[PDB]
Amino acid sequence: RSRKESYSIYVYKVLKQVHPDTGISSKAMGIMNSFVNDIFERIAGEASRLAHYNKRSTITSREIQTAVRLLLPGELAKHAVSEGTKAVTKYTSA
Amino acid sequence: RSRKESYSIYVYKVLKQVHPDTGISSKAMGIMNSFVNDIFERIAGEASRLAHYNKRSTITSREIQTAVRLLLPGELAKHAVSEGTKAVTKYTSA
Amino acid sequence: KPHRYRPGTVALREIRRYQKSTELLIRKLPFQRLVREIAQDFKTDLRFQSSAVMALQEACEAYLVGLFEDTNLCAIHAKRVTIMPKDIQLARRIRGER
Amino acid sequence: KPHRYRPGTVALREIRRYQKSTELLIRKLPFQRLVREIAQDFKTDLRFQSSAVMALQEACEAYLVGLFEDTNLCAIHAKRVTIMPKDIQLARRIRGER
Amino acid sequence: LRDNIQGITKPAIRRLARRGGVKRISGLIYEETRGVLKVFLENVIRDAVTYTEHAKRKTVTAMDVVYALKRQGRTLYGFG
Amino acid sequence: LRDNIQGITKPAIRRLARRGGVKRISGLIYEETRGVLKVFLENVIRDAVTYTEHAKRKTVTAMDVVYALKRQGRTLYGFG
Amino acid sequence: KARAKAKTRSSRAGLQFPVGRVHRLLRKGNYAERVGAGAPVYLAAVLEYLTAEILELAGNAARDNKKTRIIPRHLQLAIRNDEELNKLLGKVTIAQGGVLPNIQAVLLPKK
Amino acid sequence: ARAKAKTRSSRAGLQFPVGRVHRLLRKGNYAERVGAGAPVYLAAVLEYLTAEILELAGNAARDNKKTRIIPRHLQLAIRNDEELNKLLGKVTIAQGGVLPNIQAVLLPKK
DNA sequence: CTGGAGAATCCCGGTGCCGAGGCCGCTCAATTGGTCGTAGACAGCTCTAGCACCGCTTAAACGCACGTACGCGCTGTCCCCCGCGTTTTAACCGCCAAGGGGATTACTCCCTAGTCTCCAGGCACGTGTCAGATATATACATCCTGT
DNA sequence: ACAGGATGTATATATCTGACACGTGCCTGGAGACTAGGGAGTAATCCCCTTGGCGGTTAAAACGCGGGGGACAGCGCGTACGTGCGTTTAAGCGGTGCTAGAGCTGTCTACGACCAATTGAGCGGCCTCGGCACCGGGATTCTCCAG
């Protein structure tokens with residue numbers, strides 16, 4: 001056989017975190033999966049282009065942060081940068 | 001000093017083999033260099049996505065061919081495919 | 001005397017109906033036949049997953065609805081309430097689809 | 001009586017003049033000051049290569065010329081020859097800026 | 001298959017316009033809409049069939065369609 | 001460095017419209033054009049400054065502007 | 001042989017999205033020959049935040065639709081009602097999402 | 001004793017550098033492996049596109065009574081050719097200007 | 001400016017059914033742990049070019065005056081599209097059946113990475129010199145007033 | 001519809017002039033040669049799942065018709081904008097100087113790849129119940145004609 005892969009469990013965990021008594025259908029779950037894959041690809045591609053422009057061979061949290069504040073608009077970018085920074089600082093301590 | 005890279009001599013060779021008694025300005029040569037870089041990046045990125053979609057790790061002449069016929073329109077696509085196939089055949093023949 | 005709504009009010013009612021709703025507004029089988037005809041123009045004896053034709057229909061309906069929104073904007077810009085092929089052509093020209 | 005051209009004829013002749021040429025139609029120093037003023041809020045004491053300001057001016061002029069072409073098409077669509085702010089708004093809305 | 005563009009009927013185009021908030025529709029709109037839909041469908045299907053031929057496949061999958069769509073700047077959610 | 005948008009003069013906007021093939025220009029066009037130019041410049045310069053800051057530089061280079069434009073689907077030829 | 005109990009990297013970062021999976025995808029996606037340790041953490045945090053924003057707005061759209069389950073229509077309403085989310089996903093079409101209900105003022109009855 | 005070196009561009013009958021294209025493919029991390037024929041195919045395509053646009057731009061320069069291609073000639077070549085215009089419809093040529101065209105409604109009435 | 005008939009829509013209450021979500025077993029992918037090589041951070045020196053200033057010329061912006069033609073409002077007319085009822089048709093759903101090919105696995109082979117050496121293709125620099133702006137003078141080409 | 005008067009714009013020559021194209025010397029990055037190993041091409045199988053057909057139901061499409069309301073042509077007018085001119089302003093050119101920061105350049109250290117063992121997170125499959133779809137019945141709202 002085979003074995004697929006999706007963000008379905010993670011999207012469901014985030015949904016139960018933000019709306020504990022709200023469900024989600026398979027079509028909406030697939031749309032969220034496509035959204036996560038799309039934003040992942042956009043951010044990773046912009047970070048790859050940043051690293052290639054700056055003649056760097058590694059993608060760091062700086063490349064991801066710059067890609068996020070390039071692709072995401074306004075308050076969305078600000079809050080995403082804050083979340084990523086706090087997650088990196090929490091991960092470094094642990 | 002430093003050492004820069006450009007397609008200037010290749011663009012000039014192609015110009016001379018397509019218009020022997022015709023020159024090109026520095027700004028036009030820079031525009032041609034930017035055009036070659038942009039089309040190279042477009043074709044290579046499309047071939048990269050084609051290889052990643054089919055769970056392949058190598059970009060071959062067929063990935064480049066598919067990318068070309070995905071990116072160039074109409075007669076440009078078929079003429080470029082003809083040129084690439086001819087070049088690959090007469091390269092593998094020698 | 002039979003009841004008759006004035007021209008436009010039924011149009012507004014179905015505007016509200018089809019903007020509230022979310023289903024595909026094109027019959028599935030004719031669209032599938034159109035898709036297969038175009039594909040056979042491209043490659044002979046192709047096969048389509050049901051999800052492939054469904055994705056094509058979703059995309060085509062979204063494109064046509066957006067194009068009609070821009071077309072309605074063009075028609076209103078000309079102090080008209082009727083969309084005309086000139087409005088579609090202007091919308092596509094500005095979008096760059098021409 | 002001094003010789004005068006009718007309204008719109010020297011306008012047409014300078015349409016031809018500015019579509020025949022390629023130079024930048026905005027004065028360099030005011031545009032450079034505008035660029036530095038816009039950039040000053042994003043980052044202070046910021047510097048610009050001369051080629052960077054030239055590239056910004058080229059891109060801005062190309063964008064404005066394309067927007068004016070779309071605006072002219074919008075104005076002609078409404079059976080007018082005078083472009084109006086509503087035409088720019090419609091062009092930007094269809095293009096995707098709004 | 002032939003003349004299947006007529007399967008995109010006048011009421012279907014009217015419904016699509018109603019979803020677009022169109023109140024009044026000219027009689028010539030339907031043929032124009034069929035033409036523009038044919039052009040859009042031709043572009044998307046050409047790219048999708050190119051993707052299918054690259055995979056040495058004979059079945060056009062939903063992945064081919066969504067890759068073709070996101071190539072045109074018409075990225076679609078809900079199919080992978 | 002303030003009010004430098006008025007440096008984009010009415011004759012300059014008129015010349016830009018003439019290159020756009022505009023025969024007649026309303027009087028309110030100039031402020032609207034200044035607004036749209038301000039928005040476009042703000043977007044492009046914001047992206048270019050982000051690229052510059054990621055490089056730890058403090059001079060906006062031509063390549064930063066070109067990358068900023070190419071991100072917005074307005075790629076510019078002639079500066080690298 | 002006293003190996004410590006495995007802690008997933010998402011738990012170390014305090015995230016729900018998978019840091020290890022994102023790291024593998026970054027490595028396998030041919031974005032760079034090297035991927036930093038904090039890059040998947042930052043990317044997973046950003047993805048989780050954006051997912052949380054969309055899901056919060058879509059759950060709100062399901063609330064006033066008195067539905068306890070998110071459907072594509074709710075996602076479309078949430079995304080197109082939010083200006084920033086709509087700007088982020090302007091070129092994206094959502095299957096079975098519909099459109100925002102809006103009618104131009106000139107088309108309404110003139111009274 | 002090594003044989004005489006032959007550039008892969010010469011072996012493929014190309015002007016554009018097959019070796020440089022191969023190195024750029026292997027360094028732009030498009031894939032972890034790059035085939036032997038992929039750089040020569042890409043170089044052939046790039047050389048053909050360069051030849052097409054330079055042919056059209058040189059024709060424009062001749063029509064402008066100039067023997068040197070300038071950005072204006074490249075712009076005219078790109079915008080007049082509808083396929084080349086479709087390929088480069090999102091790019092702006094610096095110092096290229098625009099195509100000379102006036103809408104017929106704006107032309108003098110009588 | 002409402003009254004009331006009529007049609008569409010919304011609220012509500014009772015089946016029911018299927019898919020969303022939870023549980024379980026497995027397995028493969030993330031962890032951990034340890035090592036090694038090198039990417040980049042970091043300090044330091046250089047020298048490019050970006051910024052700032054000054055003065056003069058003059059092209060361009062600007063403010064004003066005038067007239068005209070174009071935008072816009074109003075009116076008529078007319079015909080095209082909308083609302084609606086009737087007839088037709090083919091979409092849709094359910095079911096069946098067959099076989100095409102997607103897709104998964106095993107084997108092998110050949111094609112690409114990686115190395116080492118070597119040399120020549122291309123780049124930085126320098127230098128004549130010639131398309132090509134740039135001033136003239138000129139020969140029409142249109143524009144516009146007038147008749 | 002035709003003179004002709006005037007302003008503008010392609011032609012036609014000198015005339016410098018930077019920018020271009022070509023020649024040189026390096027030097028670093030492709031090319032020749034060889035090896036190893038894993039990616040992929042090929043073959044076999046199997047089982048989704050796609051296609052094709054059939055029949056009944058009925059929702060939707062096609063057709064026709066009456067009419068009203070919106071598109072469009074025409075007219076009037078008045079104001080905003082084009083044109084031109086005199087005046088003002090600051091852009092542009094050409095210097096000059098200076099120094100901030102881009103751009104190498106060498107060290108080294110910390111960080112990321114890679115390998116092996118391990119285990120638990122996540123996926124495939126099963127099952128079940130309740131959220132929502134459907135249906136039927138008022139309650140409500142909006143429409144439109146007639147006052």
Side-chain angles (χ1 to χ4, degrees), chain A residues 2-20 22-47 59 64 67-68 71-72 76 79-80 83-84 87-88 91, chain B residues 49 52-53 55, chain C residues 51 55, chain E residues 62-63 66-67 70 75-80, chain G residues 8-29 31 35 39-59 62 69-72 74-76 78-79 85 88-89 92-97:
Chain A
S2 176
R3 171 164 292 188
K4 252 56 67 182
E5 204 181 49
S6 64
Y7 299 89
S8 307
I9 54 167
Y10 317 104
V11 170
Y12 198 77
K13 287 174 181 180
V14 176
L15 173 60
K16 290 304 152 184
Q17 179 179 333
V18 76
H19 282 292
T22 298
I24 184 173
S25 55
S26 63
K27 288 301 184 296
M29 179 53 75
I31 290 170
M32 291 308 298
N33 215 75
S34 300
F35 161 79
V36 172
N37 281 123
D38 173 276
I39 297 298
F40 173 90
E41 231 293 329
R42 293 224 278 262
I43 296 180
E46 193 57 45
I59 291 187
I64 302 297
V68 160
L71 300 162
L72 272 64
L76 215 58
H79 287 132
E83 293 292 324
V88 168
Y91 169 81
Chain B
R49 282 185 299 271
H52 184 266
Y53 291 159
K55 283 163 289 300
Chain C
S51 47
Chain E
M63 289 267 85
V66 303
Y67 294 153
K70 89 175 311 303
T75 145
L76 177 68
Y77 289 176
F79 294 91
Chain G
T8 206
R9 284 191 272 173
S10 318
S11 63
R12 298 186 182 277
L15 300 176
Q16 313 281 54
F17 269 60
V19 169
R21 159 108 50 94
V22 163
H23 189 69
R24 177 190 57 84
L25 291 181
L26 281 171
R27 291 198 325 258
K28 297 278 102 178
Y31 301 110
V35 176
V41 171
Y42 207 107
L43 186 41
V46 172
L47 292 179
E48 174 178 347
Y49 162 74
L50 289 182
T51 299
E53 280 273 2
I54 289 197
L55 286 179
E56 176 209 342
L57 293 174
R69 182 169 302 157
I70 295 181
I71 66 175
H74 303 154
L75 294 170
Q76 173 82 359
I79 285 165
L85 248 49
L88 173 63
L89 303 169
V92 171
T93 157
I94 289 174
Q96 293 294 307

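Side chains are part of it too, since the values below use all heavy atoms of this structure and drop only hydrogens, waters and symmetry mates. Reminder, nothing fancy here: chain letters follow the sequence lines and each chain counts from 1.
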Inset, instruction - Find the distance between CZ (A/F35) and CG (G/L89) and round it off to the nearest 0.5 Å. - result: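 Reported value, rounded in 0.5 Å steps: 6.0 Å.
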Legend entry - CD1-CD1 distance between G/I54 and A/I39, expressed to the nearest 0.5 angstrom: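 Between G/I54 CD1 and A/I39 CD1, I get 7.5 Å after rounding to 0.5 Å.
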Is the side chain of [X] donor-acceptor paired with the backbone N or O of [Y] at a distance under 3.5 Å, no angle test?
X	Y	value
A/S25	G/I70	yes
G/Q16	A/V14	no
E/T75	G/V92	no
G/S10	G/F17	yes
A/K16	A/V11	no

Inset, instruction - Please name all residues satisfying salt bridge (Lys or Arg N to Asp or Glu O under 4.0 Å) with G/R27, sequence neighbours left out, ordered by chain then number. - result: none
Legend entry - Counterpart residues, salt bridge (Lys or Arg N to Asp or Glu O under 4.0 Å), relative to G/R24 (two or more places apart): A/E5
Report the residues that fulfil side chain to side chain donor-acceptor pair (under 3.5 Å) with [X], sequence neighbours left out, ordered by chain and then residue number.
X	result
A/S8	A/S6
A/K4	A/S2
G/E56	none
A/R42	A/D38

Inset, instruction - Please determine, by modelled atom types, if A/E41 and G/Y31 share a side-chain donor-acceptor pair under 3.5 angstrom. - result: yes
Does [X] have any side-chain contact (heavy atoms from CB on, under 4.5 Å) partners at least two apart in sequence or in another chain, and if so, which?
X	value
A/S26	none
G/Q76	G/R73, G/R80, G/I94
G/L25	A/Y7, A/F40, G/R21
A/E83	A/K86, G/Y49

Inset, instruction - Using the side-chain contact (heavy atoms from CB on, under 4.5 Å) rule, take A/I64 and A/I59 through it: C-alpha gap first, then chi angles, then the decisive distance, then the call. - result: CA-CA 7 Å; A/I64 302 297; A/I59 291 187; 3.8 Å; yes
Legend entry - Derivation and outcome, side-chain contact (heavy atoms from CB on, under 4.5 Å), residues G/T51 and A/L15: CA-CA 8 Å; G/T51 299; A/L15 173 60; over 6 Å; no
Inset, instruction - For E/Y77, enumerate each residue passing the ring pair (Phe, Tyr, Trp, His ring centres under 6.0 Å) test, keeping only those at least two apart in sequence or located in another chain. - result: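 Partners of E/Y77 under the ring pair (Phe, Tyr, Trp, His ring centres under 6.0 Å) test: none.
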Inset, instruction - Answer yes or no: is there a side-chain heavy-atom contact under 4.5 Å between G/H23 and G/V35? - result: yes
Legend entry - pair A/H19-G/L55: side-chain heavy atoms closer than 4.5 Å: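 A side-chain contact is absent here, since even the closest heavy-atom pair is not under 4.5 Å.
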Inset, instruction - Quick one: which residue pairs count as a salt bridge (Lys or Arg N to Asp or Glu O under 4.0 Å) with a foot in residues 22-33 of chain A, not counting sequence neighbours? - result: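 As it turns out, there is no salt bridge (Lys or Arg N to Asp or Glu O under 4.0 Å) pair with a partner in residues 22-33 of chain A once direct neighbours are skipped.
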